[PDB]
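Structure below; questions to follow.
Chain lettering (A, B, C, D and E) follows the sequence in which the chains are written, and residue indices restart at 1 in each chain.
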Amino acid sequence: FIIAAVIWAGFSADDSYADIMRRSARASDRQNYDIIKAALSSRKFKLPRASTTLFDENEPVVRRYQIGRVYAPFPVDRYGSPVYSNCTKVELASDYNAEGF
Amino acid sequence: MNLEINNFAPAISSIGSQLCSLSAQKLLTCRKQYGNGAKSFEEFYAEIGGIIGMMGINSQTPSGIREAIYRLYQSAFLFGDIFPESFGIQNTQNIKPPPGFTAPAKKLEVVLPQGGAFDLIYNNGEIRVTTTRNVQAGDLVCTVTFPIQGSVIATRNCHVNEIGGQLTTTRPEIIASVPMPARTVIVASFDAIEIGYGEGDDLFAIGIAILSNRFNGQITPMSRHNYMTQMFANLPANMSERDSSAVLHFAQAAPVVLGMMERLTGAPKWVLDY
Amino acid sequence: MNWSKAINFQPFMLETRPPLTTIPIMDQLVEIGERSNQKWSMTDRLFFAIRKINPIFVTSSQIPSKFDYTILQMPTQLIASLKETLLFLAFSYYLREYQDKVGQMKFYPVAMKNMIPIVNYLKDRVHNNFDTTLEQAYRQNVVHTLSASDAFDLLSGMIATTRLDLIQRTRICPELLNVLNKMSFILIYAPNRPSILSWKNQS
Amino acid sequence: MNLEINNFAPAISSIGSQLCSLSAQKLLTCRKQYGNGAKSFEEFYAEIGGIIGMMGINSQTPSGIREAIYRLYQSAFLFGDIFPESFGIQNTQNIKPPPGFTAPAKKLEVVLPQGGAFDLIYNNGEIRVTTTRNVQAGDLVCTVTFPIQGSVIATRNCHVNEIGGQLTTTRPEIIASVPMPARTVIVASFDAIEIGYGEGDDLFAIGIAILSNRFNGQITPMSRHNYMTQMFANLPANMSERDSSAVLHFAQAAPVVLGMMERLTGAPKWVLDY
Amino acid sequence: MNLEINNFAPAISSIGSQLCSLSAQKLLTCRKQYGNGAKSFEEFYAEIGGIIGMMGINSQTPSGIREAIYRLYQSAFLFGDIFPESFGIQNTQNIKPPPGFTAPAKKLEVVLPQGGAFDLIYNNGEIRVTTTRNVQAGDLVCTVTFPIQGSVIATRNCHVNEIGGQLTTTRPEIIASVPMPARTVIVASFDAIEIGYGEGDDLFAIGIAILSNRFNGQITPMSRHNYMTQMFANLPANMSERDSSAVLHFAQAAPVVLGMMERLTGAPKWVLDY
C-alpha cells in the first residue's frame, strides 16, 4: 500500500501523498492497494506490476520427509517470459509531478 | 431460463461493459491495420487483438477475454454464488452511465386484466382486441408491462395519456372512450423504443449459443426480445433506473461480444461507445 | 496448550478439530483459502467484507475451519439484534490473536442467539457508493448509542455468561482484560463512581 | 450406498486424478524396465514404484499412495459439508478437463410415466415397450434418467428428436407417431455412450472390494454401472456439468488404481492420459 | 452433403493427418506440465500450443493449425480442386499407411434385391428380413454396400461364405439355403468392424459443427456413421484401398481435431499414433 501510494501521489490529478495516506481509516491496506492498483491499470495509466506464481517442478530423490510448493522470488516465468499482474507494457499519458519532483 | 440477479450486479456489469468496449476497440483497431498477405485475418487478430491489460484478465490471447466474460457473466447473472475479487471491482464507487436504448418496439407486451372479454392479436407496429360483450366508457382494457418510450400514432376508439404526441409515462395504458358494441375493434400503434438495443442481432444468435453451451442447464437459446423481457422480469424491485440500465447493458453486451470474437466482423456502436 | 493461556478453555468457547484421516486434506484447502482473500477484519470496507461473514450452526465439534473466517452459532430459535451482532463480531475478531496456531485444535466463541437475519439484512442493505467499515458500524451502533454497562450486559447474553461472572473473571485473566480493552471498554474499580464500566476516550 | 458429496468435490478430485495418473505412468515405466532376476516383479515394483514427483504424499512407498487415495476419497465423497457455500476456491485454482467418457450404453436406464399403460423389458442396447391399452399418438412412453449421447438406430413406431442421425439432447424422451392398438411393440436402439469409462473393469471389481473393506458401512461391492448411476444420482443439483465430469473421473479412477496396485497389470488410457 | 474428391486427395490427406497428429501430441505434451495455478488450461494452451517448424503453417499460435486444417480440408474434399502450393508436396506417390479401422458395425448398411420380396428391420448388430411371398432356396436376399470385415455369429435360415467363422469377402451376400414358405424370418448377425474409428465420438460432434459453420453450403451437422457412409460413397471408382484409407482417415481426423482444439480433453489413439 505504501509503495502504491508513493507512486500514485504523482499521477493523481488532485490527491497528494498525505491525502492518499489518509485513506487508511475508511478501508484496509489490501483494499486500498487494490484500488490504487486498479487506478494504475486504467486507460490513462498503465504501470506493470511484478508478479509470481507457484512452482511445483522437483527432481526425484529418495527422502524421508514431505515436500511442498513455494513461490518463485524472481518475477520471470518457466519459459523466460516476464510475469506481470496487470499489463505487459508501460504506457502512461501524463508526467509524474509530486511535491515539485 | 432460471437466474437470480443479486444486489452486487451493477459492480460486475460496469467491469463487463468496460471489457467489452475495450475488446471492440481493439478489434476495430486491428481490423484497420491488416494488410493482405500470407497470414489470414484470424491469425493476425489472435496474435495482437487479444492483448488488453486490466486487473483480473491474465492473458494476451482472446481465450483470456472469453474466460473473463464467462466468469463475470456467471458472477452477475447465474445461480452460483461467485464473485471475482481479482478485477478492478473495489474502486466501483462511481459508475459511468450506459448508452441509451435504441431497440424498436415491434412486439410490445400487454396483459388483458380479467374476464376473457377481449381477444388479443399482434401486428408489426400495432395491437388490437375484439370486445366479446358490452364495455363501459373509461375503463381499463389493456396495459403494458414491458416499458416503452416514444410517440404514439394512429389510435382509434381509445385514448392514451399523451400530450404533444409524446407519451407521458413509460408504462402507457389504453382505455376506451365511448361505450362500444360487441365485435368492435380498438387499435393502438406506437413508434417507440423498448429496452435493449437493436444493432448486432446476428452476433447475438451465435453468442447466446456459445454461452448456453457452457451453462447448459441454466440458459436456453432464444431470441433477443424474450431474453431481455426475462432479464427485466428477474430484476429486483428495489433497484434504481440507473443501475438497471448498466445491468441490462452488460446482459446484452456479453453475448454479442462472444459472438463477435467468433466472426471477426465489425462491432455495434452501443457496445463500442460505452 | 499452556501457550494458549487459559482463555481458550473458558466455558463459552468450543474446540473444533476435523477427523484425523482428513487433517492433511483440510490443511491444503485452507491454504487455497489464504491464497484467496477469504478473511474479514474490522478495519476494512463493509462492501465486500459483509460477503465473507457466514455464521454456521455447531451440530458437532468435528468440523474443519479457518481462524480468520469461522463464526459459530448454537442451534437455537432466538433472534439477535444488530447491536448484539456487532458486539459478538468485535469480540470474535479481537479474541483470535490468542488462537493456538501450532496445535491442530482451534477454539472459537459460540453465539447463543441467531445471527443469520441481521447478516442478511446488512448484506442486502449495502451498496457500491457507501464506504462504511465494520469498525465504524460498531462505533456508530454501539459506542455512540449505548452506555458501557448496557453494552456489557448485551455482550454477556451473547456468550451465556452472567455479567458478574465476566467482571470477576477479568480480574484473573489479563488476556480477557486486553480483549475487552480492544473494544473500547475500561474497567477502573478504584473510585466509587456510579458505574465500574465506561467507554475509552477516542482520538 | 449412502454418501454425501459436498461443493468441494472437484478440487479434491483434481488432486486425486493427478495422483492416479502419476501412479499409473510410474507402473508402465517400471514395467518396461524389469529384467528377469531373482527378485519378483511385485517386489521390484514395491521397491521403486512409490518414488513419484508429487507433493502431498508423505511416503515413497505404495502404502503412502494408498493412504493418500483413501483420505482424498473420504474427504470428497463421504465426509459431508466443508465450509460455507460462498467459500471461494474456483477463482484461484482452476482444474483440468478430464478425458471424455467412453463407456458404451448397454443397459440404458429409463422410467415409465404414471398410469401403468406400458410394459418394459431390456435388451443389449435397446428397449421395447408393450402397450396394455390403447394409446394416442404423440405422448410420452419413456424418458431416460441417465444421460446419454450418440447416434440412434432402428426406431420403430416411435419418433425421437434428432437431426442427421445424431440425438439433439442428452436426455431424450420417446414419443409415438402412429396410434397403437393394445399389445403393440415399440423399440428404440442407440449407438451411444453413457456416463463412465469402459476399460479396466477387472481392476474395478477388486478395487471396489478393497475400498469397501475400509468404508464397510458406506460403500458396498457392486457392478460399475450401478456404482456410477448412484454416484451421478448423488451429485448436488446446483453444480455445473463441467465439474460433474471431474468428480466422476476420480470417483471411478480411485477403485481402478486401488485394484491396479494389487494386480500389477497395465493401466487404462483414461487414467494414464489425464 | 455435396462434395467432390479430386485425384490428389491422398497427397492432401497425408499432410493433414500428420498435422493433426502433431497438434494432438503437442496438446498432450502441454497437458502433462500444466501448472494448475491462477491461469486456466485454455489460456495455457493458447499461449504454448503452437507448432513452429512445419512448412505451410504461418503462425505459432493454435489458430495457425486451425487455418491450415481449414485450407487442407477445403482443398481435399470441397468443390474447389485447388492444389495447395503453400504446403510442400514433393512426391504424390509416397503415403504412410494409416492405422486400421476400429469402428464397430452396429447399423450395417444393406440393399434389397429390388423384387419387393422381403421386409427389412434393424437391430443392434444384426439385420432380419421377412418373406412377403414364397421364396426358393439358393437366391439372393440381401447384400451390403458398406464394406465390412470380421466374424459371423447366429446365422439362421441363410448362408454366407465363411472360413472358420470368419467372413471371406468384404461385401458378403445373404442367400437363402432352404425352401421357406409362409412369411418366415431369417437373421444374420455380424461381430465385425465397419469403416472409421469408434474412439473420440464426442469430439467429432463438436468439430463437425465447427467446420460446418464455415462450409455451410457443403457440410451439415450429422452423425459420424452417416458422414462416413456418404464420404465413402463419394470416393472415385479408380481408387485403391491404400489411398482411400488415407482419405477416410483425414476425413474423420479433421472434425475430431477441430473439436479437440475447443474442448481440451485428450486425443484418441488413432489420431496420436498415426
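By our rule, a contact is a pair of C-beta atoms (placed from the backbone, for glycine too) under 8 Å apart; a residue touches a chain by one contact, two chains touch by 3 or more.
Novice: What is the chain whose Cα centre is as far as it gets from that of chain E?
Specialist: Between chain E and every other chain, the largest centroid distance is to C.
Novice: Would you mind checking which pair of chains has the most C-beta pairs in contact?
Specialist: D-E
Novice: By CA centroids, point me to the most central chain in this structure.
Specialist: Going by the distance between chain centres and the overall C-alpha centre, it is D.
Novice: Which integer distance in Å separates the CA centroid of chain C from that of chain D?
Specialist: The computed centroid separation for chain C versus chain D comes out at 45 Å.
Novice: Provide the C-alpha centroid distance between chain C and chain E, rounded to the nearest whole angstrom.
Specialist: Computed value for the inter-centroid distance: 66 Å.
Novice: Tell me, which residues of chain B touch at least two other chains?
Specialist: Those would be 58, 60, 83, 85-86, 90.
Novice: What residues in chain A touch two or more of the other chains?
Specialist: 31, 56
Novice: Where in chain C do residues touch two or more other chains at once?
Specialist: In chain C, the residues touching two or more other chains are 36-37, 45, 48, 51, 131.
Novice: Going by the touch definition at the top, which pairs of chains touch each other?
Specialist: Per the contact definition above, the touching pairs are A-B, A-C, A-D, A-E, B-C, B-D, B-E, C-D, D-E.
Novice: Contact residues on chain B for chain E in the complex?
Specialist: 38-40, 42-43, 46-47, 58-64, 66-67, 86
Novice: Using the touch rule from the top, collect the residues of chain D that touch chain A in their complex.
Specialist: 51-53, 55, 57-58, 60
Novice: Which residues, counting only chain C, touch chain A once they are in their complex?
Specialist: 37, 41, 43-45, 48, 131, 133, 136
Novice: Any idea which chain A residues touch chain B in the complex?
Specialist: 31, 34-35, 37-39, 41-42, 46, 85-89
Novice: Going by the contact rule at the top, pick out the chain D residues touching chain B in the complex.
Specialist: 85-86, 88, 90-91, 238, 240-242
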